[PDB]
Structure formats: structure tokens, C-alpha cells
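In what follows, a structure is listed as C-alpha cells, so that the remarks can point back to it.
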Amino acid sequence: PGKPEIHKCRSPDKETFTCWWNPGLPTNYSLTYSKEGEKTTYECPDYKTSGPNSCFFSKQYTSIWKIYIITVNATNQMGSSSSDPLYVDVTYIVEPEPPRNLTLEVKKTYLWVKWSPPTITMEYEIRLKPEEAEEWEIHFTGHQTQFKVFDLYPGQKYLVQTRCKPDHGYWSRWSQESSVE
Amino acid sequence: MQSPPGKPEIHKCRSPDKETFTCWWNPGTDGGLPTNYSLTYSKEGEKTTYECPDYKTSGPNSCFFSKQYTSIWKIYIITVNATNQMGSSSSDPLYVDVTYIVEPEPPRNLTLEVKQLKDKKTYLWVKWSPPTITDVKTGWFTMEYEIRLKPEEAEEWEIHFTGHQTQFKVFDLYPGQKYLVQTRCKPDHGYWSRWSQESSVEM
Amino acid sequence: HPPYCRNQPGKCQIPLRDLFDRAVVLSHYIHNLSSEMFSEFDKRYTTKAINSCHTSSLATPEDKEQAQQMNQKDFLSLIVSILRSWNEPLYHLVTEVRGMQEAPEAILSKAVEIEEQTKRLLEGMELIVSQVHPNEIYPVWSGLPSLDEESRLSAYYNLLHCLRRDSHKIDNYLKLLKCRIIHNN
């Protein structure tokens, strides 16, 4: 037998997306996606570039204009089967890039934070910890490119990271941790 | 001994609604006689010269175009004729298309609320509405927005773009401060208007 | 399963609501991209005398009134007659600048993006026309041989300029339609 389970599909930029699965003896996985309308059936483009248990769709295969029926089929002898199909709309699965550029513009002594979005509406979030503490106090910025953090413990070295979530989609990764004085 | 008009200078044009537009000239030297001005223009494609319909509406030295005579994605070849009692002179013709000359008045009914939300969260909710003239409901006209706020005495404003959302939530405000707040609006594509009448809040 | 689907997960069909929402975004990006793609040509290279665009033969609603008077069905047929006409010229633009032109300031950059997005947006058009079932003929691009430095720079100009003129019409129409059908608000 076999029991293939589709973990997730995400698109960092509405321009390419990658799909990940879970296994479940010689295990051979292969992916095959279909479009609504014409239904030509063909195997995934390349598995390599997004790594292990991944199928990556280039901007040549990635169209926001068609809904994707996607299945995974594991084929060792007397144990060859197909997975629960997954319907994906490219624009409902956005997992963005950590907000590019992060400035820590200190001075009524406050830390002034500013950042920039990824490619090209979107909520953000920032967290920071003084480094002495091994947890973060997290702040919601709504839709601002810059946030004013007021009261802090002077002379200390802080760690800050940001996040973003497109209108309809999932959070991003945490950004690169800038230090301050 | 007494000169002809000199030369009128029309350079500035603006359309505050994408339906009607308006043009202002600069009278010539004028010689030494009384000088009376008039405006003729040609629409792209056609080879018909017309006369300005409305000299009064936009005021002194101005030509106003009602919706009827205004038309976008056309390139108007506007030219104005200073015409005094002894002689006459034209302007250096100008090519104005209504398309990229947009510039609205500022936002109105800027109202500023405090709201507490889910758990230890007190956001400042910025609300307002577009200029009564502008037709954003039919989608013809499309507005982007910006707001800026600073504490009453201060040195720098902070700026928040809020494209076509007529409300905004601000999270960085040291409680009890008297902040000031203003709004200004770019169109679809065009010229930012002057800031709006400011309001303040305190908590 | 995607957020807007029920009953039958198959066939499915992307709701109009967010079918425009994507197409508006594109025509917005395109014009706001060919607009600065023009501003970089002008600055870096240039007189203007051009009352000739290939898209003038079409029955374009060129007022706010005339627009609010045009049949929604025919507005799409309209919108896509433009996009289609724009396809050929855009490929000469990109090949010409790229190719036997000893490459200057990288307006190119902006012109590749534009060629992609255009065609991307055009297929989102055929999909939206497909959902409201009634393709027709479109105005022919003739300034091929046009694409002397004074005369050839002027031909580039005209082309570049119309792109800015039309990509505004198009964008401004989808703003309309999206806000007529979806919300008339």
C-alpha cells in the first residue's frame, strides 16, 4: 500500500509556488497536477530546486488564472496509490518574503523603526527582546511601514525582527535580527 | 508710440474631478491701452478651432470647461489671444490633455476615534471621506490617501499611505499626548492635493 | 479546498469578485510602469507633434458620460480589442531596444516587465469575457518601419506616448466595470 499526504502549498510572490508532501520498502513519489477546463494531465516540472518532498512551479507553469487540482502518487509494487487531491488558487496561498530593509532610528528617548515590503494590502508585526531576556514582547503595527517603540532599558542591546501578511494569505518568515544601543 | 499687447503666457492647467477642467493665463505687457483677451483651442484629430465657453467660472484670467466641453484622453492645443486697441498678439500654443493634469481638493470630515480592541490594545482609528465633487462611487475617479500625524509641539511628522481606504488605524502613540492629524489625496495617477484641515486628539 | 468553493470542489470557477481584483491590479501596475518608462525616455532624450495613435479608429468612450452610457458587455470587447492591438508593438519595442540598438539607459528593464504583465493581463481578460459569453477584430499597428535619429526618436516617442495614453483608458475602464458590476456602491 501507500498513503500520500499533502502538507502545504505556498507562493512567495504570486509568480511561483512550491508544494510539499508527507511520506507514508522502496518509496517512489511523483506529483501530477491538472487544470480546470481543458484537463491535460501532466507530471510535475521539477522537484529538485525546492529540495526534498517538494515540487517547484516556475513562472512558466504558474498562472493565477487557473485552479490547480494536485495529487501525489506513491508507486512501489503491491502498494501503489494516489493522494487526496488538493485544489489551489495561486493567490490564496501567499507566503511573502521577510520585509526588506529595516532601520533602527533612535532619538523622549525612543527607538524609531522603519522597513519596506517585499515584491512590488498587508499587515505587519514586529517583535523585540533585550537579549538579556530569552523571550519577545511583540507589537502589532497594522499597515504601517514604521513603528515608534517608546520605553526601553538604556545602554542595552536589542534584537528586532518583522513580519507581514497579505490581505488574503499566510504570514511570512521572521526577518533578519538587527541590534541597537 | 503705444505698443501692441506683447505676449500672453498660459502655462498652468488643472482638473479637479476628471470631468471638468480649467486654465489660467498671464496677461502680456499690455502696451499702454486697455487689453481684452480671448481663448481658442483645437481638439486632437479634428481641425476645427473653437472658442472658450466660460470666462467667469474659474475667475479672472481663467477659462473653465464644463463637463460638456471637457473630454479626457484628448490632447488640447490651447492658444490665447491678447488683443488691445492698436495691434494684437497670440500666445505660444500649449498642448494640454486632461489626463495627467488632475489635482483634487483635500479630504473632508476628518474624524478621529479611539477604540480599545482585543486585549491590551488601544488603536487610534482615523476616518474621513473624499471631496464631494469627486466621483469615486462610479469608479470613474480613484483616490489614494496619506495621513501624517505628529504631537502638538514637534519637529517631524510621520507618514502613512493608505491607498483608497478611507479609514486607517495607528498603533504608535504614547498615551496622553495631544497628537495632530492631517490628510491629503493623490488620484489614481496625478498630483497630490494640499493637506486638509487638521484635527487633534489626546488620551 | 479554496475559500470561495462549495457544493462541487470540481469545475469550481474563480468568482468574479476577485477575478477583477487581480485584473485591476495589473492594469494599474502596467500604466504606472509605462508611465515612468516614458518619463525616463523624455528626460533622457527629448519637441512633440503627435495626433496619431493606432487606437483612434475604435469607438472609445472619451468622457465620463459616454462611459456611463456604454454597455458593460461591449466594454470588455472594447478593453480586449486594445490589449490585443498592443501585443505586436510591445514585442518590437523589446526586441529593437534589446537587439541591434547598442543598448542605452535600461528603459529595457521596464519594457520587458510591461510585455509580460500585458499578456498576463490579456488572458485574465479572455477569462472574464468567457464568463459572460456573447472575440472580434482589432486595429492594426503600422508604424513598423518607423521603429535618421531625429525621425526615429520621434517614432519611439509616439509609440511610448500612446502606451501611456491607452494603458490609462484600459486601467480606468476596469476601475469602472469592477465598480459597476461587483459593487455599484
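List of remarks:
- Exposure here means at most 14 other Cβ atoms within 10 Å; with trypsin sites (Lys or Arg not before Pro) in a DSSP loop as sites, the longest stretch of chain B lacking them is B:68-117.
- Qualifying GluC sites (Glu not before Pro) in the stretch B:17-53, DSSP loop, other Cβ atoms within 10 Å at most 11: B:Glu46
- Cα centre as origin, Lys/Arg/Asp/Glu Cβ charges: the stretch B:111-190 dipole, Debye: 400
- Local net charge near B:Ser62, Cβ-Cβ under 11 Å (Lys/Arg +1, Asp/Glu -1): +2
- Take each residue in A:139-151, count the other chain C-beta atoms within 10 Å of its C-beta, and the mean is 5.
- Ordering B:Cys63, B:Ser88, B:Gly32 by the projection of their Cα atoms onto the charge dipole of chain B, which places +1 on the Cβ of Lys and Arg and -1 on the Cβ of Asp and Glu, puts B:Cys63 at the extreme positive end.
- Cross-link pairs exceeding 25 Å between alpha carbons, from the set B:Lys121/B:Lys178; B:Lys121/C:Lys175; C:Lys64/C:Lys178; B:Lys43/C:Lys64; A:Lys107/B:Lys178: B:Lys121/C:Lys175.
- Partners for A:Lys108 among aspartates and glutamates (Cα-Cα distance below 17 Å; same-chain residues under 8 apart left out): A:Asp151, A:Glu181, B:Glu152, B:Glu153, B:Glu155, B:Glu156, B:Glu158, B:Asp172
- Those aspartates and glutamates that a straight Cα-Cα span of less than 14 Å connects to B:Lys74, excepting residues fewer than 8 apart in one chain: B:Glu19, B:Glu44, B:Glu46, B:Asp97, C:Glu62, C:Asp63, C:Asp166
- In whole angstrom, chain B maps to an equivalent ellipsoid with semi-axes of 46, 20, 11, each derived as √(5λ) from the alpha carbon gyration tensor and ordered largest first.
- A:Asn73 paired with A:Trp20, simple spin-label distance in nm, labels 7 Å along Cα-to-beta-carbon: 2.6
- For the stretch B:16-26, 3J(HN,Hα) computed residue by residue from phi via the Karplus equation (6.51, -1.76, 1.60; θ = phi - 60°) reads x, 8, 6, 9, 10, 9, 8, 10, 10, 10, 10 Hz, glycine and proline entered as x.
- Cβ-derived FRET efficiency at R0 60 Å, C:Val112 paired with B:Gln197, nearest 0.05: 0.85
- By the rule of a C-alpha distance below 24 Å, with chain neighbours fewer than 8 residues away ignored, the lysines paired with A:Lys8 are A:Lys35, A:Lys39, A:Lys48, A:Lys59, A:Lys66, A:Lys165, C:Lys11.
Each reported figure results from applying straightforward, stated rules to the coordinates on display, with no laboratory input. FYI the Cβ positions are ideal-geometry reconstructions off the backbone, even for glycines, and counts take in every protein chain you see.
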